[PDB]
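A.B. asks: Chains as they are written, first to last, in PDB author numbering: chain 11, 591 to 639; chain 10, 788 to 836.
In this text, a Cβ means the ideal position worked out from N, Cα and C, and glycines have one as well.
1) Consult DSSP for residue 604 (chain 11) and reduce its assignment to one of helix, strand or coil.
2) Kindly indicate which three-state DSSP category residue 831 (chain 10) falls into: helix, strand or coil?
3) Between which two residues does the alpha helix (DSSP H) carrying residue 809 (chain 10) extend?
4) Determine the contact status of residue 637 (chain 11) and residue 826 (chain 10), defining contact as a CB-CB distance below 8 Å.
5) Chain 10 beta carbons: is any one of them nearer than 8 Å to that of residue 623 (chain 11)?
6) Report the rounded CA-to-CA distance for residue 621 (chain 11) versus residue 591 (chain 11), giving the unit in angstroms.
7) Can you find a C-beta in chain 10 that's less than 8 Å from the C-beta of residue 656 (chain 11)?
8) Taking C-beta to C-beta, are residue 822 (chain 10) and residue 616 (chain 11) nearer than 8 Å?
9) For residue 814 (chain 10), decide whether its Cβ has a neighbour in chain 11, counting only Cβ atoms nearer than 8 Å.
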């Protein structure tokens, strides 16, 4: 406890925003991107940081 | 916590008629659409602090 890995290159993580009311509807609907407080930003295809 | 007491209905005999699962999913999909707009109701109690 208090030790990590020295290096981690594992950038392709499955990041999401979750919506707090989505309890029932197993339906492929294009939900309106107006009710969320937050949005996940795109990764730029600029030079590697 | 306070919750509404959902009593059981009477235990009528468990007929194994598969068709009941379809009408349960039809009602669950209507309820999942309603869970967008009906959230103010006493049936929508969220676990309080």
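C.D. replies: Looking at the coordinates:
1) coil
2) helix
3) 807-821
4) no
5) no
6) 42 Å
7) Residue 656 (chain 11) is absent from the model: chain 11 starts at 591 and stops at 639.
8) no
9) no
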